[PDB]
Structure formats: C-alpha cells, structure tokens
C-alpha cells in the first residue's frame, strides 16, 4: 500500500540510522519482508521523482546498510585400453607433444585424464596432472569438472597421489577459484589429520587468491 | 574542561531566546509548582515539559532554587515510559547547574539516584564520603545504566569525584604527616582502574536483556562510557595499561577498540602483557591485539603480531593438554584477524595451524573418543555441548582455517 | 559399474551431489546389492556383480557412516550391512576404519533412534567380527571402550560482571578478609534418565556382544550356541584395561587377604567405577557365560571384593539393607563368580542370604570366598575342555577339597547363629 | 511360543496396572527387534497379548519397520525396446 | 601519544 | 594381510622418503602379526631394523615423543636417540599426552630434568607424577615391570594405529 | 649460600623475547604496586588499601617460627 510518502520515509530511516547519540566518539539488521518493503519503497521514490538516477544512488547507502575429433579416436582407444605402464606412458607422451603443438585437443581427453589422475604409479600420474592443468589453463569452465577427481586425489588412500595432488594444489586453486574454499579446506584437513605439511602450498594459494581478490 | 567549555558562546541564540521568552513574566513557575507537577500521583508529563522548557531559558545564577526539585525527582524519571525529551532537558538543566554549584549538586544528585530500597539507603552521603570513596557514585538505582541522560550525569560526577579524591588524599597525607607516597599512588591507580572496570561492566549486555545493538539505550550508554574512558586514558595512559593488565571480558574488546580512539597505545605494552606468567593475561593480550590490528595496521602492529604468533607457537610446546585447550580455544579466532590485517602472515599462521592441528589430532588418537574426528578428515564445509576438549579444539582449528580461507578468497 | 561407483563417490566426497542425492544413491545401491543377494533368475541373467563392484569401495563408503546428515548415515549403514567384503581379505587399515565407523554408527543410532535403529550397525559389526580373530578383537574392544566412555555412558545408566554487583553489594571497610576459593560451587550436576530405555539400550549392546561372541554354526530345538571363550576373553581384557588399567596385581592367583590394605586406593577406584557404571556388572555376566574368561577378570573381582570387604568393615548399621548398592554388589559379585564357576555351588549360593545378615557375617562370608579363591585360584588350566559339548568345564571334585571343606564351616556357623531367620535357607547349602 | 505363553500366564491382565503393561509390551517390542527371521516377528505379533498390550497404531509401525529391514526388491532386467 | 591517531599527520617543527 | 609384503611396501616407502606411508604400512604389518596389538608383535617382524626405521620415520615427521616411546621398543633402549629427540622443541605429537606410554624410568627422569631446565613446570609435574607410579618402580619384581611395559606397548601401538589409519 | 639464585624464562623461539614465570619469591607488593592486585578482588583490596592509608602477608609465618615458644 502506498499510504506513506517515500521521501519522508527514507529520510526518516536515514536519519534514524545516523542519530549522533549512536555514533558519538566513534549498522542495523532488518528482516526479509522488511528489506523487500524497503526496496520497493525506494523504487516508488524513484518513480515519483521521475515525474534521474542521482536520487537512486543517494538512497543506495541505506539499502546497503540495511542488508578434429576423428583423428584422436585411436589415441582415445589407446589411452582407454592401456593396461601396462609402458602403453599408458607412451600414449600420454604422444598426447603431450601435440598438446604442446595444439593445446585445444585436450578437451577430448578430459574424463580419461580424470581417470588417469589417480593412477597408482608416478610418471603417468604426474603426466596426467600436467596435461590436465594444461587443458584447464585454456578454459576456466573445465575447472569445475576436475573438482571431484582432484578432491578424490587429495583424500585418496594412496599417499603418492595425495602428494602429487598437493604439489599441484596452488595451480588448480588459481585455475578454479569458485571451489577454492573447499579445496584448501580439504588440503588442510589432509595435512592436519595426516602427517603432511601443506602449509606452504596453502599459504601460496591463499596469497595469490587474495591478490586477485583485491582486484 | 567539559564543565568549563559549555560556558563558551556559540551564536547568541540563547540570549535572544531568553530576552524574547523570559519576559512573558508568567511567574507561576517555581520550585513548589514543579514539585507539585512531579508529585502528582496521576503524573502528567505535559506540565513538567512546560515547566522545564521554561527553565531552560533561565540563567545559571537564577536556576539555583530549582536544584532541589530537579535532583530529588530524578528517581521518577526512570519509571519506564518517561519521554526522552524530559530526560534530555533535565540533563541540560543539570549541566547548566553544574557550572555554578557543582560541589553541592553532585552530593544532591548522588543522594537522589540511590536505589532507595530502605527508607534512606544512606541519604547522609556527604562530600567527604564521596571524596573518600568515588565508587559510591556507581552504586545507583541500576535503571540509570540504560538511561543515557543519567549516564551523562553520573559519568560527570564519577570523573569529578575521581579527580577530587586525588586532592583529598594529598590533603589527608599532608595533614597526617605532622613510603606513603607510593601507597597513595597505588591506591589512586587501583581506584581509577576499578572505576574503569565497573564502567566496562556497565557496558555489558546483561542476561536479563539478552534473553537492536545500534538503536538501543545500551549503544548510547556504551558511547558515553567510551568517551569517558577515552578522556581518562588521555589523562593517564598508565590507567589504560593497568586496566588491560587487569583485563576485562573479551565481549567488550570490539567496543573498546572501536569506540576509544586512544586504544592504539596498547600496542606499547602488549609485548609486556604477553610475557605475563598468567595464562589469562596472554589470552587477553592476544585477543586485544587481534582487534587492534584490524583497527590500526601499523608496521609495529605487524611486529607485535609476529611476536604474538611466536608466543602462541612456543606455548603450543610449553603448555599441557588442558592448558592447550584453555589457551587455544579463545585465541584461535585472533588468527583470522591477524591474517586479515597482515597478508604476509599467511605462511606463519598456516604453519602454526598445521602444528596445532597435528598436535591436537595426536591426543585425539591417544584416548578413545565419542565422535572420532580422524575418520571425518573428509568433511565438507559445515554451516556456521558435552564433547571432548580435544575434539572441540580440533573443530576450532578447522573453523579458524575455514574463516581464514573464506576471508582471503573474498 | 566400477567407473560409475568411482564417479558417484568422487562426487559424494566433494561438494557435489547434495546429501539427498547421496542418500538416494546409497539406498539404491543397497537395494541393488540386496536384490542380487536374493538371487533368482533376475540377478543370474543380469550378471551385474553389484556387490563385488561395491566391495571395491568400502574405504569410500566407511566415512559415510560418520556423515552429519542422518539419512546419509543410515543409508550408508544399510548398504554396508549387506555389502560383501572384498574376496581376498580386509586390509588392517580398512578393517580398523570399518570397525571404528561401525561402532560410532551403533552408538549414534542407539542415542538417536534407540534399539529399533541399530539393526544395520549391528549387522555390520557382526559381519566384521567374523572376518578374522583380529577383527573380532577389534570389534569387541572398541564396542566395550565406546560403551564405557564418558560419552555413550548415559545410554547404559552410567553416572554423568563481578565488579558491578560486587560494588553494588558493598571508615567503611569490608567485613570479610577475603574469599576462600571462587565463591560457592554450582549446585551439582544431577540428571535423570529413564530406567526402561537404559535397560533396552543395555539389551541392544549385550545382544550385539552375544552375537559377536557366539560361535557361528540343529543341536536340539532348545540348545544355545556356545559363547566363545576367546571372544569373552577379549571382553575380559578390555574390561580390565578400562576399569583397572595399572594392573600391578595382574597375576591371576589371589594374594593373601592382608594385601587388601596395600591396594585400598586401586580397589576403591574399581568399586567407584562399578558403582558409577552398572554396565560393568552386565559385562562381567557376559564374560562369566564363557567359563575360562572370568579368570582374566580376577583383578577386577578381587578389587571389587576388597572394596566390599572394606565397606562391611566400617558398616555400623545393625543390618545390611542400609547399604543397598553394596548389598546388591556383593550379591552380584558372588553370583558372577559362581556363574563363571570360580566357586563351588554350595559356596556360590551364599548371596541369597546376604540380605538377612548383619555386616560382619557377610564380611566373614566374603572373607571365606577370598580364602577359597586363595586355595584354589581362578586359573584357566583348572578348566578342562569337554569336547563332547564344546564347553570348558571346571570340576571342583578333582581339585581336592573343592566343595569348600573348611570354607563351608563359616557359612554353616553363620546359618546356625541366625537360624531363626536362615532356617528355611538351609537347603541351598547342603553337601550334595 | 513357550515365551509368549509364559508372557500370557504371568501378566494377569485387567489387574496388572500401567507399570507392568508398559514394561511387558516394551519387552515384547525389544524381543521382536532382535528376531532375524520375520516369520518369528509375525509369530510374536499375532499373539493376543502383543495386540492387547501396546496400542492399535504402533503395532503396524513396528511390523512395517521390521518389514523394511530386509525388503523384497523386484527389478526389470530386460532392456528397453520400442518395437 | 594517546591524543593522536597513528595515521594522523606528523608535526615537524 | 600378508605381513612380509606389508614390510616390503613400508621399506619401499621408507626408501623414497615417504615416512608417513612407511609408518602406515609398518603399523599395518604389526597389526597383522598381533590382533591389532592385543598380543605382542613377534620379534622377527618388528626386528631392530624395523623399529629403528619407525623411529627414523617418526623423527622426520617431528613426532619426537613418539620417537622416545619407540626407542624403548628395542632390545636395548636407545637412550641417545631418545634424548636427542626429546630435546627438540618443534613437536607435532601431543607431547605430554604420550607420557603415559613411557615405562622406562630413565627417559622420564630425562624428561623431568628437561622440563625443569626450560621452566615447563606443568609438564615437569606430569613427568614427576609419571615417575611416581608404583607400577613403574624399577625395583618391581620383573613381572610387574614386564606387564606394565606390555600394556603400554599395546596402548601406544593402538594409538599409533588410530593416528595413522 | 646466598651466592646462587636461579631465574628461568620460556625463551620464545622465532619460528630474544621471553615469557616470565610464576616466581616462587614473587613477593606481591599489592599495597605498594597496583599491578599486583587481581581483578577478582580489586574492590575488596581497594577498600582495604583505603582503610590502611586513612586513619581508620601477615600471619604467613613459615611454620617453624609460628610456634616460637621461647622467642
């Protein structure tokens, strides 16, 4: 209901927040429908002034205060059916040279690199992390798709997998940046309830995350 | 100075209003008439509005006969529904009367603001009694503690009697002379510290009102008390050092740091306070530095923050398990503020948090546990009583690193 | 299926798959594994191996018992109760994690849902106890330790602004010279739990322990499976380590009665521990059901007996009913030692008359019990494994004076002295 | 059935007060809980004392919460075909 | 000095 | 559950400086040979080499009180390594909470001296209380001492099993 | 005798400051130093100091001298 004048109402609220007895010698919480009624009161003030945006900008502090794939098919088949370490290593390396040539081909190998991400032995697992992070350096949308396999590698029973996930932790935290709280929390809890010291990696990730946080 | 700078002229509006309104010669206004207005059992606020609004036009020399009727009816002004304008006007008239008759007026106001449970409750408070024990002025009706116009009056009397007790003690010392200087200085320092501690306990949100933090009477009382403490810390920083060595509840710490601008000198003795043998002093020093680093991000504040991190790292290896719990449960939230003020401290804070967490997981593994947090090493971010202290400390470590990561990501 | 399970559990252990979908996946997998286990033409034609593929992820499913969401925890429990173990073995890390998560789930569901809600955890713990003797020892030790913790003991009836008003209260010096401590103590920590729910929580715990302790695998329609003496020995040693951990008198044979004043503090600690936790008596009754196992609780029995003897020393009451806990503890102690066949049936029946005696007669009777256990001793080599029924048997006749030769004299003298009240009880203490 | 018949002869209904009835019905519930075979759960649940003692609304809850312990699962195994 | 903020401008005589 | 293969895996992890993994598999082998450390671990599985490598792994994880406890597992107690590790002040293993697992009077004497030297009066009182136990008296008749050592071995190894898996 | 006095410190490590300890010969000069007064009894000690200074510890004799018959 438009019973009250919006100009007098907003002026009264703004003066009630800024009573000089409250701030002498030196932030009010409102409910849901209260904040709603405030925002269409501000809108109603905007339309009754429109009969520009300066008064809306002046009322903003109060609302702030109240609130090709065909040529890669044999490589897919060799990487999927690789049983020995020799076959997996040679097909991962063969992907690696032409990824250094053509970086866009790595999107076809995404989930299969996710499978090789938690590999038991060291060289193809490190190569899987390298090729994966190279794939994610291009498209940030790929970063959320590697979250379950990265948190699985952090919480894996295999200790080598945990170490190689912790080594690539700051690069992945930089690449993802919307799941970085859960990632660094998992890294800490792996370090805390394990016997690892990921404080250097977590500190570097937190520092750089702060550096693009202040931008 | 506050009792003297009020006599300074502003714009000539008061002399103009006096000349244009006091010449109405409506001489019905009198101490007897105002007393009859107060003493009405069906009390009307309108008549006392009219009388004291007329009284504001009077000079201080001619407001003398109204002192008794103004003071002795101040107990009725706390009676749950007295309008704010009556209280503000009475405070204004008391401030006017303070410039011409303060030695009498303070005694009358102290006698008026007693709880009055008994017939008198020591109405024989003399000036000598209040100069002997200035803390008498804090033994008021206890409804004044949420009445800001009477907090102004009682803080004025408290500051005055605290100043007067020094002169009284010097006079008694010279009279009884016919060392004791050290004992007098210790008594004065302890007296001011006790006054500050009682004032800070008044600022606490008592549990009767606990079960809008900005538009309440408590906020105005907190601001008045913070102003008085700012003046007293400026007058004697040793009182601030003594009070922070004594310590106050940590709920008052954001209020004292934000509201008292002279709290930045606490960084001078926080290195001294953190070296105290008692664990509570070190806990309070770390909690105080936590808010001071947010308020003032100085290079010396960073140096003291590094010192506090080193002290916590050393006390991790000095304290026993019960002492580790009792020390690290209050001081762990200070690390979030240390990381917020100083992003270079990330490496030290995270290494310290790894060390505390790995220490505290080991004695979790030592005894059998009702909830076993070692299995729950793979947990997601949870939403923001009889549990084991070690598991509670582990959850505190996890919560603090959660807040640190959330703060640094944002 | 292995790839599908790995992808699902990777999404579970990350922030993905919000817990309603986690619970749905877990209970659907439980439905699939159960459906394959009730195998007809369906599971045979499909050939899915749901249980075998789910067995490869027990290290991922085990932390889900510790999930804060209740539906996720109970779905994980229902899955793990029927999911087969890996065909090769369980790893010690895997087995220990499964047992720890299982006992936590058991106590959590006992606290929350009561006895109806513990079925999945009981089934999982029973299956884990039958994998290996190490698994059985782990299950029993962690169950008893969790049941005797400061938490989970109320389930089984176990026991449990100064300056402002200081100035407002006050040549006007204070009357007192100081304060003794920190003022008055808080008015205790008294609490009350329902006796019925304590009884049935105890029944749930002891039924799980009996299922773990019994030998799996008609032996008559009225017979009972034999409780394994090794499992009850594990319960006995974790009882001894939980109650009296120091075990300076850990040798099984009993010392002279003059050694009771040497260990008053330890024995009073044992007695206070037994008073605070009534579950300890039930655990001794469970141990005593297997005959050789109560020999390993000899330190606990001797300590409780010496504490009771010290109580009956100082009892100035003319009768015994003014000490109800001590009376029923003496009766239960004699009943357990008779049930575990550390006492002959004639000497093991004196607990029936304990309510009709003054404290010095029952003290003398317990001293005669101490004398018999000195002369005979609770030793496992006294027990002969009767392979006909599979139970160890203590034959007191072959020991020599095993029917209480000199020890029944004090009992008969006590009956004779109080014959006006103990006359009708004379049939319980006959020679045959 | 011997346990149930001892349960019947030792209760003395319509004179046993609320204390014995509640204890005895709780015992019947908790011995139903420990039964691994569900036919035994109907064997106790079909007894006149079990129906008489508890309620008319929690007996159905108990029998469904025991039926859901080991549910019967039916699933189609023939792959889909729109022929 | 307690009367001046740490970030207050310094006085150079 | 093949203890020899678990020992081989632990040795492989120890060779590649994976000390936490090495402790994990050494404790897995010890839990295999006993029944989760309910019996004594046979000396042909925890030989002096295996206990020494567990000592080295606990040293390189800065769990120095665990080093002191594992030093007295050997046939002759290695007082040199225990005294060297107890002097360390960067510990990650709940230092005074593990003093219950120390049954040797000499190590506790060194701990009391070390806490008195550094002014750690509370840990000094804890160590004095640990020495002041009648079951830990060195003049106990050689079977009370053996059972005290065995029960502390069982409790400590179960604590390490809980910590590392 | 009287030539060997021991004082200890925590010696806070960097990753010369020290943390003081509760000294046995603390000798709290509470009537002469206001910093020695605990907050828990600040008001009672305050009014005791006020009574002491105006016109209006002891009995901690070390046991062997508290029953001095001849002295």
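To keep things simple, chains are lettered A, B, C, D, E, F and G as they appear, and every chain counts its residues starting from 1.
Basically, contacts are C-beta pairs under 8 Å (C-beta built on N, C-alpha and C of every residue); 3 or more make two chains touch, one makes a residue touch a chain.
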{"item": "Pair of chains joined by more contacts [C-beta pairs], C-D or B-F", "value": "B-F"}
{"item": "Whole-Å gap separating subunit A and subunit E, where each centre is the average of the chain's CA atoms", "value": "43"}
{"item": "Rounded Å distance between subunit D and subunit G, as computed from the means of their C-alpha atoms", "value": "73"}
{"item": "Centre distance in Å when subunit B and subunit D are each reduced to the mean of their C-alpha atoms", "value": "65"}
{"item": "Residues of subunit E engaged with two or more neighbouring chains", "value": "none"}
{"item": "Residues of subunit F touching at least two other chains", "value": "24, 63, 89, 92, 118, 162"}
{"item": "Sites on subunit G at which at least two other chains make contact", "value": "10-11, 13, 21-22, 39, 42-43, 47, 50, 54"}
{"item": "Interchain pairs in contact, sorted by label", "value": "A-B, A-C, A-F, B-C, B-E, B-F, B-G, C-D, C-F, C-G, F-G"}
{"item": "Subunit F - residues contacting subunit B, complex", "value": "63, 89-98, 100, 118, 120, 122-123, 126, 159-160, 162-163"}
{"item": "Subunit A-touching residues of subunit F, taken from the complex the two chains share", "value": "13, 18-21, 23-24, 61, 63, 92, 164"}
{"item": "Residues of subunit A defined as touching subunit F within the complex", "value": "159-160, 163, 194-196"}
{"item": "Touch list for subunit F against partner subunit G, complex", "value": "89, 118-119, 121"}
{"item": "Subunit F residues within the subunit C interface of the complex", "value": "1, 24, 28, 31-32, 34-36, 38, 133-135, 140, 143-144, 147-148, 151, 155, 161-162, 165"}
